[PDB]
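What follows is a single structure, written as structure tokens, with notes after it.
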Ligand code: HEM
Ligand code: HEM
Ligand SMILES: [Cl-]
Ligand SMILES: [Cl-]
Ligand code: NA
Ligand code: NA
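Residue numbers (the entry's author numbering), protein chains in the order written: chain B, 36 to 748; chain A, 36 to 748.
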């Protein structure tokens with residue numbers, strides 16, 4: 036059946052903005068997962084999970100009689116898809132249970148792991164999400180095997196369809212670099228936003244880069260991909276060596292014995308995949324990655340044996356029974372237990388990427404320190420495990436249940452608690468009048484609030500105006516934020532703030548975070564008045580100001596908007612067309628297509644463009660809140676053509692005279708070209724639509740202003 | 036970016052069930068288009084459209100100084116995509132303005148026609164939909180040129196994204212038959228549900244079948260496609276000759292001059308396409324189809340000159356300036372006006388498909404009668420034009436405005452007026468108790484009501500339980516409806532009805548249509564009580580009973596369910612797997628994926644299967660409304676394998692013992708296989724889900740019962 040994507044494979048895709056509708060959700064529209072979770076008997080769930088660890092099922096027998104290593108890998112892979120570049124992936128949506136991740140080659144046999152958990156899921160129902168369950172199971176696996184975890188938070192609501200993520204452009208699973216759709220160019224430079232070396236891997240190839248078994252070059256891939264997952268060297272070594280303290284890999288026979296992944300399997304497979312024709316196809320005969328490595332002498336118990344083995348032997352390159360590259364300890368005795376036959380022991384083995392932790396010089400120093408100081412290792416691994424499995428959960432306000440660690444961690448972008456009365460409505464009116472009396476213009480107030488609030492992304496719930504980080508490094512210096520203009524607004528607002536706060540009684544004070552937002556609201560009000568409309572814009576106080584010391588400058592860098600169509604900004608030339616980057620930003624903002632449309636057309640007329648660019652400013656009454664963008668964009672009296680200087684800038688001329696009326700970019704003109712966007716623009720450009728436009732603009736403006744307000748959840 | 040559809044191109048696509056979300060709709064959740072339309076000054080809109088007909092724009096100059104022919108073609112094409120097989124296509128959703136239909140080669144230059152109407156659309160805003168405006172414009176065209184239309188109804192609400200329609204499997208526009216994705220097999224048998232001879236055409240190729248200019252063979256393709264659009268020979272001849280009374284074709288130069296269709300065009304083309312390098316690119320130089328024919332001596336005035344020319348000349352095969360096959364009158368004088376140069380005239384010309392109306396012997400008889408009696412022609416054309424443009428609008432209850440024709444037409448599947456008091460809540464309770472006391476079983480009652488209500492399709496708003504047509508030919512004899520069992524139920528209900536209605540005063544009576552639905556409601560309540568749960572199922576009276584004489588038996592044939600997964604029914608073996616046909620049915624029923632899931636699982640345990648098949652009946656308490664379908668389907672204690680006799684029937688055995696527990700079809704087991712469906716089944720299969728399951732089942736049951744209830748809109 037031929038589709039629109041077949042005929043016009045490059046047209047923009049707006050269905051990414053309309054996922055996750057109430058239509059696909061089986062829960063009623065008022066269901067609140069946090070409320071369900073908070074009444075869960077978490078202790079009961081944990082007891083059942085502890086029981087499960089050693090309850091072997093014959094359709095996928097437990098190695099060593101204990102599923103803990105399998106479950107650790109399952110939770111690690113749940114979390115492991117995370118990319119800092121866009122915040123997409125991670126554990127927080129339970130996406131391992133849907134395509135494509137349920138069928139990635141690196142997730143082979145995790146279908147079995149998930150299926151082992153169905154009885155517990157069934158028993159507790161909506162009070163524990165799959166998303167929470169995968170991580171809690173990993174925690175219980177660790178605790179069961181003698182490792183004390185740093186804590187756990189619930190609150191990951193389940194989702195009900197696949198998330199739209201760019202995972203790469205290869206058309207072949209596990210394609211090595213340099214193909215027609217390579218993710219690598221130059222000196223092994225991985226394309227942003229990707230954080231894995233091959234399509235269908237988590238981070239790196241366990242055999243080495245492009246299959247070449249060099250530990251030193253593998254380390255370079257490890258460092259790069261883990262950094263793209265928000266992890267530094269100490270965290271990386273702790274996580275790899277911690278995880279590989281447990282369990283084993285599976286490669287008992289040739290890979291050609293393994294059949295179709297879950298999404299390809301027949302209907303009778305009932306959602307499982309990778310059925311194997313090798314011997315019994317399971318247990319002792321399992322094939323998952325094709326590697327056959329068991330790291331420690333006690334694979335079901337926390338130990339310090341990983342680093343003892345890593346440093347205590349020299350290593351020889353060998354092949355598994357499936358033909359994959361791996362390492363075996365020279366001259367060792369058979370000291371590692373077999374998973375099924377108590378009469379069999381094996382020599383210590385390692386992956387190429389495990390050897391990276393000894394042969395990369397920076398990792399070697401950490402590894403040695405961990406070998407010499409095992410308590411350091413344990414604490415680092417516990418902290419890293421917590422970070423790995425919570426890094427996409429957002430502010431601490433979203434963390435639920437009795438095991439949330441009290442310690443505030445820098446990567447959580449912490450926001451101080453408020454410990455004073457908040458401004459009320461009379462105070463808000465007094466502050467908005469002060470702001471408008473200061474001389475700050477509508478363009479300045481809207482631009483500033485926009486810059487502050489629009490760093491939010493719903494993928495990992497980072498960013499937003501809470502914290503007033505716009506005033507700190509690095510946000511204060513981002514080009515899109517117009518650092519010189521920004522500084523002047525902030526000084527004026529800080530003086531208003533100081534004067535208001537110094538006049539108060541009791542402890543009442545306004546934060547700068549709240550004042551930035553409220554000043555934006557006053558801008559919008561003023562713009563509506565400029566257009567002859569009375570409009571009140573809603574404002575909710577309660578934001579606090581974070582410090583520079585609470586603000587990791589290197590972690591904040593990934594929030595920098597290099598493309599922000601809402602301010603007609605593009606920091607450089609990119610291969611993806613600007614209108615696709617606009618839709619991508621709208622998705623991170625949680626906007627629908629109508630919301631993106633209304634928002635952009637209003638911002639253009641309020642003066643929110645970077646540098647005061649006239650591109651898309653289709654009005655003769657700038658700083659007035661009108662639907663002029665739409666009415667003028669849709670006027671067939673104007674003809675548009677690209678400029679000779681720049682094919683991405685367009686000139687709009689009177690059709691009859693030739694006279695220049697406007698200029699615009701691709702992000703402006705898409706609204707007149709894309710047949711779905713244009714249908715939305717037509718609603719707002721109609722004669723009956725001015726009041727609708729104003730009211731829909733205020734609603735979407737407020738939405739953006741509140742995106743990070745989980746304190747009001 | 037590689038997508039799930041790239042990796043698994045045959046997996047089932049559930050996003051067809053989740054279109055039209057409140058996310059994508061720019062109007063607020065409370066917008067009601069009928070309430071807007073009812074206050075539109077339709078007379079004023081028509082005056083504006085009348086003026087537009089002779090107000091030429093220089094970017095697309097009006098042939099003859101009159102846009103009427105262009106607008107008639109536009110309205111005809113808006114309607115002309117309709118297929119009776121599934122009800123999909125037609126003018127009722129305004130889909131011409133979205134992909135793919137906006138860019139079909141047969142719709143070339145209708146982009147210009149729609150753009151001409153933006154000022155009016157803009158002026159009247161949400162009070163007239165695009166969908167209604169396209170049709171209205173064609174009526175105003177006709178009226179402006181001296182033709183009396185049959186009437187007009189508003190009420191077609193606009194849509195905001197493309198509909199999911201199977202238009203064929205070809206990957207090339209206008210592909211000739213016999214390719215690797217041919218839509219023809221056997222002796223020129225067009226595959227169902229398609230109603231056009233090539234991809235991107237409306238009905239037929241104007242040059243002849245596969246480009247062969249034989250009018251006799253063309254006539255076969257005309258008859259077949261028009262019948263697949265619900266039009267008979269009289270109506271077909273009336274429509275083709277009626278439409279070709281007006282305007283002209285456009286083929287002034289070679290087609291290689293014409294550029295990209297709108298969806299492929301550059302951003303600067305602002306939604307238009309087919310830009311032409313031939314001379315001025317427009318007006319006297321226009322190229323649309325590549326044909327260059329002007330049919331009558333007065334292309335801007337209704338006449339009977341089409342038939343005067345068709346029968347008063349002999350015709351010679353010729354070529355247009357673009358090389359297309361067309362016909363010219365032998366020996367004729369230059370009597371046809373030129374569209375722009377008042378000093379130039381031309382000989383009469385015709386398409387191959389126009390000549391079909393004289394050289395097909397059946398058409399020739401109708402065409403001669405129309406030639407001799409042009410008043411017969413005018414009335415047939417007006418009736419056909421109304422039917423064409425309204426055929427997908429649904430029951431007459433949906434028809435809005437002051438020009439609705441009072442004549443009731445058989446093709447409307449008309450429902451008599453109700454002229455008596457309706458039953459109240461106490462009456463409904465009395466009737467449900469009588470029905471249950473009669474001995475009719477839960478399975479009988481549920482199956483009967485399901486059979487009656489589930490003929491609805493949202494594509495053209497035909498079918499449903501209103502009318503009690505289940506008791507008439509042909510519904511009473513459809514295999515899926517189990518004719519002998521259905522007859523026994525209907526006799527019992529008719530006796531209850533007679534007794535209740537004979538006891539009343541005051542003229543209160545209950546229709547059989549209502550009692551069929553009410554009795555199904557009693558069954559569902561009884562099933563709930565069998566499970567230990569008291570629930571009330573909502574019921575809304577006001578359906579009426581249609582007669583046999585008010586029922587077109589041949590038009591009702593396309594509503595027969597040949598595949599109904601909700602009753603585990605497949606009338607024969609099809610190319611398309613049964614789970615794909617289930618999703619197709621659910622889309623016609625307007626169900627989401629959660630709604631489809633709940634409904635199916637509940638119908639399985641109520642005894643709704645055709646023939647009392649055990650397939651999918653995963654319960655030991657049949658006729659009790661429980662979630663047993665889901666709990667048993669999801670039990671990993673059961674292993675599934677296809678049977679040797681039939682690869683589409685599966686046995687479920689105990690994994691440990693081999694003992695046979697169940698049988699199922701593809702439609703049952705897809706809920707345990709597809710990863711999104713399985714996620715939904717898991718919710719309803721959980722230990723906390725009995726209350727939810729019952730509530731959600733009752734709600735979707737009531738939804739299905741009420742699909743055709745536009746009297747309650
Ligand atoms: C450079 C990074 C890493 C690579 C290349 C890697 C590679 C793999 C491979 C190839 C397997 C075998 C799959 C199979 O055949 O069953 C595996 C197993 C496993 N990995 Fe990793 N791993 C990495 C990091 C991690 C991390 C960070 C953790 C957790 C903290 C982890 C925990 C596990 C465990 C527990 C197993 C054993 C599974 C079982 O017992 O069934 N690994 N690793
Ligand atoms: C066998 C069925 C039919 C065929 C093959 C056919 C074919 C065409 C073609 C090839 C064009 C020329 C497009 C262009 O070059 O501008 C056209 C024009 C047109 N057709 Fe048809 N047609 C059919 C039925 C109808 C029907 C049912 C009507 C309306 C009742 C209709 C009304 C028109 C009008 C009014 C024009 C002139 C457009 C103008 O003036 O711009 N046609 N036809
Ligand atoms: Cl994601
Ligand atoms: Cl459609
Ligand atoms: Na994420
Ligand atoms: Na339709």
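The beta-carbon is built from N, C-alpha and C at its ideal position, and this holds for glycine as well.
Practice item. Give the secondary structure of residue 250/B by DSSP, where H, G and I count as helix, E and B as strand, and everything else as coil. Key: helix
Notebook entry, point to check: Which value, in whole angstroms, describes the spacing of the CA atoms of residue 180/B and residue 336/B?
Noted result: 5 Å
inquiry  = Give me the DSSP bridge partner(s) of residue 342/A.
reply    = Paired residues: none, contrary to the question.
Using a Cβ-Cβ distance under 8 Å, would residue 94/B count as near chain A?
yes
- request: Would you please state the rounded distance, in angstroms, between the beta carbons of residue 756/A and residue 128/A? I believe it to be under 8 Å.
  value: The structure shown does not extend to residue 756/A, since chain A spans only 36 to 748, so no value can be given for it.
Note to self: Taking the beta carbon of residue 455/B as the centre, do at least 16 other beta carbons fall within 10 Å, making it buried, or is it exposed?
What the structure shows: exposed
CA-to-CA distance, residue 98/B to residue 320/B, given in whole angstroms: 11 Å
Item to complete: Spell out a yes or no on whether the region 368–381 of chain A and the region 122–140 of chain A are touching, meaning 3 or more CB-CB pairs, one atom from each, closer than 8 Å.
Response: no
When burial is assigned at 16 or more other CB atoms within 10 Å of the CB, is residue 620/B buried or exposed?
buried
_For a test of your reading of the model: does the CB of residue 640/B fall under 7 Å from any non-hydrogen atom of ligand 4? Yes or no._
no
### Query
Just to confirm, does residue 570/B get its C-beta within under 7 Å of one of the non-hydrogen atoms of ligand 4?
no
Checklist entry - Counting along the chain, where does the beta strand (DSSP E) carrying residue 674/B start and finish? => result 673–677
Report task. In the DSSP assignment, find the unbroken beta strand (DSSP E) run with residue 354/B in it and report its ends. Result -> 350–354
- Taking the CB atoms as reference points, tell me whether residue 502/B and residue 530/B lie closer together than 8 Å. no
- Query: Using a C-beta cutoff of 8 Å, does residue 255/A count as contacting chain B?
  - Reply: no
### Message
Any heavy atom of ligand 5 closer than 7 Å to the beta-carbon of residue 448/B?
### Response
no
Along the region 134–153 of chain B, where does the CB come closer than 8 Å to a CB of chain A? Name the residues. 134, 135, 137, 138, 150, 153
inquiry  = Going by beta-carbon coordinates alone, are residue 329/A and residue 110/A separated by less than 8 Å?
reply    = no
**Message:** Beta-carbon within less than 6 Å of residue 147/B's beta-carbon, same chain only, minus the 5 sequence neighbours each way: which residues are those?
**Reply:** 95
| request: Can you list the residues near ligand 3, meaning Cβ strictly closer than 6 Å to any non-hydrogen atom, in the order they appear in the chain? | output: 123/B, 124/B, 128/B, 130/B, 198/B, 200/B
Task: DSSP beta-bridge partners of residue 686/B - done: 676/B, 698/B
_For residue 322/A, list the residues DSSP reports as bridge partners._
286/A
(Q) Using 8 Å for Cβ pairs, my map puts residue 695/A next to residue 302/B. What's the rounded Cβ distance? (A) That pair is no contact at about 18 Å.
TODO: Determine the chain A residues that contact residue 707/B at a beta-carbon separation under 7 Å, and present them in chain order.
DONE: 305, 306
Q) Rounded to the nearest angstrom, how far is the Cβ of residue 184/B from that of residue 84/B, given a contact under 8 Å? A) Contact doesn't hold; Cβ gap of about 13 Å is too wide.
(request) Please list the residues of the region 667–684 of chain B that have a C-beta atom closer than 7 Å to any C-beta atom in chain A, keeping them in chain order. (result) 669, 671, 675, 676, 677
### Query
Comparing the CB of residue 495/B with every heavy atom of ligand 8, is any distance shorter than 7 Å?
Although ligand 8 was asked about, the structure shown includes only ligand 1, ligand 2, ligand 3, ligand 4, ligand 5 and ligand 6 as ligands.
**Asked** Comparing the C-beta of residue 320/B with each C-beta of chain A, is any distance below 8 Å?
**Response** no
- Using 8 Å as the limit for Cβ to Cβ distance, is residue 212/A near chain B? no
_To the nearest angstrom, how far is the alpha carbon of residue 395/B from that of residue 264/B?_
20 Å
Check your understanding: So, is the C-beta of residue 155/A closer than 8 Å to a C-beta in chain B?
Key -> no
- Listed by chain order, chain A residues near residue 2/B by CB distance under 8 Å: Examination of residue 2/B is not possible in this model, given that chain B is present from 36 through 748 alone.
Review point. Roughly how many angstroms separate the alpha carbons of residue 248/B and residue 361/B, rounded to a whole number?
Key: 8 Å
Backbone secondary structure at residue 219/B - three-state DSSP:
strand
Residue 423/B in three-state terms, based on DSSP: helix
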